[PDB]
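Peer 1: Add 690 to the 1-based position in the sequence shown for our numbering, that's all there is to it.
What follows is a single structure, and I will ask about it in a moment.
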Amino acid sequence: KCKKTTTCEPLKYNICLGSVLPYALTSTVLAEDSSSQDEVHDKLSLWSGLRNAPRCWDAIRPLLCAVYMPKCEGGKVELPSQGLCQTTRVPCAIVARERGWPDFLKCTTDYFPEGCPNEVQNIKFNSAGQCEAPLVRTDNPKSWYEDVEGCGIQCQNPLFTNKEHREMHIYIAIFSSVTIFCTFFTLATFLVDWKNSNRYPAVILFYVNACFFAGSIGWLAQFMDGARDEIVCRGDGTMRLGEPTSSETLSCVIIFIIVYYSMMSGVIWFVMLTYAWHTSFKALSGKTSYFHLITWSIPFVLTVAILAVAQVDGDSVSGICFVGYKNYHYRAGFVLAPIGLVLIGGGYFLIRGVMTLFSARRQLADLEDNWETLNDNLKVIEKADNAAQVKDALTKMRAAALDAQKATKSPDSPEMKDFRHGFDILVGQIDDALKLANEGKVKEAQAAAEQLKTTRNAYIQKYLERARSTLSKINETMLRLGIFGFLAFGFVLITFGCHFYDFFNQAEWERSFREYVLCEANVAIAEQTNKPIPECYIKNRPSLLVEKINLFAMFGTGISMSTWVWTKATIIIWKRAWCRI
Ligand SMILES: CC(C)CCC[C@@H](C)[C@H]1CC[C@H]2[C@@H]3CC=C4C[C@@H](O)CC[C@]4(C)[C@H]3CC[C@]12C
């Protein structure tokens, strides 16, 4: 009979000599030189050396597959046919010459019954139409998926259909367009006034927007007439993997270099910005030539490293080439680590900056408090009847004015000498009015308070109104740094979240995809043999919404840094260049 009784075990390898197996179970009973599937892989590795004889290899492939890795299903294994065995004797007679034929490979009808339907005869080892979606026939050995011969992994992402590709593409279109023209607006602002806007750290924003401009250029390069397929796909319609590979158009690695280098420089310029802010608050242009070197070297070294390990992969969905798609331990290495360190450092100099800021924010506010006390107490004194209120409020004025005088790089400067003298006059007159108030003389002290008013205006109002507008500037800086802080931290948190999700479930997504590939590989043979075919699908796939969020995060960063130039002071600068008369 064409069937033998044995226990079916799962295929440890779903490929038989470069050809996908349409079944999932096998048995090592027919392979009388093997007891386990590991042994089977060893013996087939021994048979592998016969591939240098295409004439024999072509004819011995189906026999070897039908014997060593047969289809087991429901406790039954199908034995290879007599004809199949006879198709091997004539061309592979060489095997009989050197070492002879194994007894289980001899065409004895007990091993190879006559007229038995075999599942392998349907399989074509040289793929004319064997290549089944998501695989495309490529004769280039650098594109072949795993060990499979003739078939390569298709270019377009086999996890998302066209209907999703168009969606994500128009999404990226919109966002990257907004970013490219916003960044272009910032650039144009700091460029038309290149003579007046070239200052630190105001030019650091210009550099950030420059980087995020180049990056968005790289992101938009995929929208030309047939450029996308030129960047993402190889010459044989298989997705570019492990780039840069030899003898392939550099249309991919260029885009990768653009996107990645521009991104990394664009996010190290953040650290430079925070440092520049801290040093600006702590007080200069002595280290202004050293920031460049870091911000251009580190992304360069990183990019060169990625090109050195050749881990540039092409994505049809995003429409670009980026690091660590296939191997997710590279994206976490070259994206999450630098961005993370950037977050740490920039955060450090941010909080340092707002500490250097908070230390003065309290001082100025205290001086203002003293002034407040002076004003309200003068309000009470000028308009009062009881001579106790005058004494009290004059004492309070004395305390407040004394406390204000005890404030501060040179305490011996002529300004500090003068400022304290005014409070000497004020405190003195306050004490005179105090002497008047103690003796019960109400209206005399009240009349001696107007002296305090005119003296307040003359000697104190100067420095006060000088340090009155600063509390607005300091608060504006504080709140805009609050903005930048709680925004950048948000973006980093979100992108770290997305990247971590993909990093988490990529271990399962590959499993699902592989199972799917095997399933459709079964469908291929199952169709052209009038056999019942099973519906195949992907068990689980990456969420498009997550990628949407990540893109929204990075492009959101690209937009939020372009918004910084959007001020009322900018709009008028444009007019100076061409207003004429
Ligand atoms: C004819 C001359 C050039 C020798 C060619 C050697 C190669 C092509 C062939 C000839 C005979 C073949 C062997 C025949 C018998 C066996 C025993 C089996 O359990 C393992 C495979 C093994 C070991 C084969 C390996 C491949 C083999 C060694």
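In this text, a Cβ means the ideal position worked out from N, Cα and C, and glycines have one as well.
Terminal residues of the continuous alpha helix (DSSP H) containing residue 1003?
Peer 2: For the purposes of this step, residue 1003 is identified with residue 313 of the sequence shown, where counting begins at 1. Per DSSP, residue 1003 belongs to no alpha helix (DSSP H); it is in the beta strand (DSSP E), 1002-1005.
Peer 1: Residue 698 and residue 684 - do their beta-carbons sit closer together than 8 angstroms?
Peer 2: It is not possible to answer for residue 684, since the shown part of the chain is limited to 691 through 1271.
Peer 1: Among the candidates 872, 1139, 1232, whose CA atom is the shortest distance from the CA of residue 1256?
Peer 2: Walking along the sequence shown from the start, residue 1256 turns up at place 566. Among 872, 1139, 1232, the Cα nearest to that of residue 1256 belongs to 872.
Peer 1: Please report the straight-line C-alpha distance between residue 913 and residue 860, rounded to a whole angstrom.
Peer 2: Position 223 of the sequence shown holds residue 913. Position 170 of the sequence shown holds residue 860. Answer to the nearest angstrom: the Cα atoms are 10 angstroms apart.
Peer 1: On a CA-only basis, which of 737, 1231, 1061, 1012 is nearest residue 1203? Give me that one, please.
Peer 2: Locating residue 1203 in the sequence shown gives position 513, counting from the first residue. It is 1231.
Peer 1: Taking C-alpha atoms, which residue in 785, 790, 769, 845 lies nearest to residue 808?
Peer 2: Locating residue 808 in the sequence shown gives position 118, where the first residue counts as 1. Among 785, 790, 769, 845, the Cα nearest to that of residue 808 is on 769.
Peer 1: Give me every residue whose Cβ sits closer than 6 angstroms to any heavy atom of ligand 1, in chain order.
Peer 2: Selection around ligand 1 by beta-carbon proximity, strictly under 6 angstroms to any non-hydrogen atom, yields 723, 733, 736, 737, 739, 740, 784, 785, 787, 788, 789, 792 in chain order.
Peer 1: Pair every Cβ in the stretch 1071-1089 with every Cβ in the stretch 1002-1012, then say whether three or more of these pairs are closer than 8 angstroms.
Peer 2: no
Peer 1: Assuming residue 1272 and residue 1055 are in contact, meaning their beta carbons sit under 8 angstroms apart, how far apart are those beta carbons, in whole angstroms?
Peer 2: There is no way to answer for residue 1272, as the model of the chain reaches only from 691 to 1271.
Peer 1: Leaving out the 5 sequence neighbours to the left and right, which residues in its chain are closer than 8 angstroms to residue 1110 when beta-carbon positions are compared?
Peer 2: One-based indexing of the sequence shown puts residue 1110 at position 420. So the list reads 1095, once near-sequence residues are dropped.
Peer 1: Which value, in whole angstroms, describes the spacing of the CA atoms of residue 959 and residue 1251?
Peer 2: Working through the sequence shown from its first residue, we reach residue 959 at position 269. Working through the sequence shown from its first residue, we reach residue 1251 at position 561. Each residue's alpha carbon lies about 11 angstroms from the other.
Peer 1: Using C-beta distances below 6 angstroms, list every residue in its chain close to residue 902, excluding the 5 sequence neighbours before and after it, in chain order.
Peer 2: Counted from its first residue, the sequence shown places residue 902 at position 212. Take residue 902, set aside five residues on each side of it, and the residues of its chain with a beta-carbon closer than 6 angstroms to its own are 873, 956, 1248, in chain order.
Peer 1: Taking the Cβ atom as the reference point for each residue, do residue 704 and residue 1208 lie within a distance shorter than 8 angstroms?
Peer 2: The count along the sequence shown starts at 1 and reaches residue 704 at position 14. The count along the sequence shown starts at 1 and reaches residue 1208 at position 518. Closer than 8 angstroms, so yes.
Peer 1: Do you know how far the Cα of residue 1152 is from the Cα of residue 1139?
Peer 2: Your numbering for residue 1139 matches position 449 in the sequence shown. Your numbering for residue 1152 matches position 462 in the sequence shown. Between residue 1139 and residue 1152, the C-alpha separation is close to 19 angstroms.
Peer 1: Going by beta carbon distance, what residues of the same chain come within less than 7 angstroms of residue 1184, once the five residues before and after it are set aside?
Peer 2: Taking the sequence shown and counting its residues from 1, the one referred to as residue 1184 is at position 494. Within the same chain, residue 1184 has close Cβ partners 1239, 1243.
Peer 1: Quick check on this structure: which residue in 917, 1206, 885, 865 has the alpha carbon closest to the alpha carbon of residue 905?
Peer 2: Within the sequence shown, numbered from 1, the residue matching residue 905 stands at position 215. Among 917, 1206, 885, 865, the Cα nearest to that of residue 905 belongs to 865.
Peer 1: Going by DSSP, what residue range makes up the beta strand (DSSP E) through residue 827?
Peer 2: Within the sequence shown, the letter at position 137 stands for residue 827. Per DSSP, residue 827 belongs to the beta strand (DSSP E) from 825-827.
Peer 1: For the putative contact between residue 815 and residue 751, defined by C-beta atoms under 8 angstroms, what is the C-beta separation to the nearest angstrom?
Peer 2: Here residue 815 refers to the residue found at position 125 of the sequence shown. Here residue 751 refers to the residue found at position 61 of the sequence shown. Contact holds; Cβ gap of about 5 angstroms.
Peer 1: Within this structure, are the beta carbons of residue 954 and residue 981 separated by less than 8 angstroms?
Peer 2: Numbered from its first residue, the sequence shown carries residue 954 at position 264. Numbered from its first residue, the sequence shown carries residue 981 at position 291. Contact flag unset, no.
Peer 1: By DSSP, does residue 719 sit in helix, in strand, or in coil?
Peer 2: If you number the sequence shown from 1, residue 719 lands on position 29. Here residue 719 sits in coil by DSSP.
Peer 1: Taking the C-alpha atoms as reference points, what is the distance between residue 1281 and residue 841?
Peer 2: With the chain represented from 691 up to 1271, any question about residue 1281 goes unanswered, as that position is not in the structure.
Peer 1: State the start and end residues of the unbroken beta strand (DSSP E) segment that holds residue 841.
Peer 2: Working through the sequence shown from its first residue, we reach residue 841 at position 151. Run containing residue 841: 841-843, per the beta strand (DSSP E) assignment.
Peer 1: Roughly how many whole angstroms lie between the Cα atoms of residue 918 and residue 830?
Peer 2: Position 228 of the sequence shown holds residue 918. Position 140 of the sequence shown holds residue 830. Near 21 angstroms, if we compare the C-alpha coordinates of residue 830 and residue 918.
Peer 1: Assuming the contact rule is C-beta atoms closer than 8 angstroms, residue 1046 and residue 1099 should be a hit. Round their C-beta distance to whole Å, please.
Peer 2: Mapped onto the sequence shown, residue 1046 falls at position 356. Mapped onto the sequence shown, residue 1099 falls at position 409. Not really, about 15 angstroms apart at Cβ, beyond 8 angstroms.
Peer 1: Roughly how far, in whole angstroms, is the beta-carbon of residue 1120 from the beta-carbon of residue 1149, given that I think they are within contact range, below 8 angstroms?
Peer 2: Locating residue 1120 in the sequence shown gives position 430, counting from the first residue. Locating residue 1149 in the sequence shown gives position 459, counting from the first residue. So it is not a contact: roughly 13 angstroms between Cβ atoms.
Peer 1: My understanding is that residue 844 touches residue 823, with C-beta atoms under 8 angstroms, so please give their C-beta distance in whole angstroms.
Peer 2: Reading the sequence shown from its first residue, position 154 is the one you call residue 844. Reading the sequence shown from its first residue, position 133 is the one you call residue 823. With a Cβ gap of about 7 angstroms, residue 844 and residue 823 count as contacting.
Peer 1: Could you tell me whether the stretch 1023-1037 touches the stretch 983-995, where touching means 3 or more Cβ pairs closer than 8 angstroms?
Peer 2: They touch, by the three-pair rule.
Peer 1: The beta strand (DSSP E) that contains residue 838, what's its start and end?
Peer 2: Here residue 838 is taken as the residue at index 148 of the sequence shown, counted from 1. Taken as a continuous stretch (DSSP letters only), residue 838 belongs to no beta strand (DSSP E), as it is neither H nor E.
Peer 1: Going by alpha carbons, who is nearest to residue 763 out of 979, 821, 722, 694?
Peer 2: Here residue 763 is taken as the residue at index 73 of the sequence shown, counted from 1. Out of 979, 821, 722, 694, 694 has the C-alpha closest to the C-alpha of residue 763.
Peer 1: At 4 residues or longer, what runs of the alpha helix (DSSP H) sit wholly inside the stretch 1130-1192?
Peer 2: 1132-1145, 1151-1156
Peer 1: May I ask you to verify whether the stretch 965-979 touches the stretch 924-940, counting CB pairs closer than 8 angstroms and requiring at least 3?
Peer 2: No, they do not touch.
Peer 1: Over the uninterrupted beta strand (DSSP E) stretch that includes residue 876, give me the two end residues.
Peer 2: Locating residue 876 in the sequence shown gives position 186, counting from the first residue. Not the beta strand (DSSP E): residue 876 falls in the alpha helix (DSSP H), residues 852-882.
Peer 1: Straight-line CA distance for residue 1212 to residue 1000?
Peer 2: Mapped onto the sequence shown, residue 1212 falls at position 522. Mapped onto the sequence shown, residue 1000 falls at position 310. Approximately 33 angstroms, taken between the alpha carbons.
Peer 1: Over what stretch of residues does the alpha helix (DSSP H) that includes residue 1258 continue unbroken?
Peer 2: Counting from 1 along the sequence shown, the entry for residue 1258 is found at position 568. Residue 1258 -> alpha helix (DSSP H) spans 1258-1261.
Peer 1: Counting only the same chain and skipping the five closest in sequence on each side, list residues whose C-beta sits under 7 angstroms from that of residue 896.
Peer 2: Mapped onto the sequence shown, residue 896 falls at position 206. Around residue 896: 876, 877, 880.
Peer 1: Touching or not, the stretch 1061-1073 and the stretch 1035-1042, by the rule of three or more beta carbon pairs under 8 angstroms?
Peer 2: With the cut-off at 8 angstroms, the stretch 1061-1073 and the stretch 1035-1042 do not touch.
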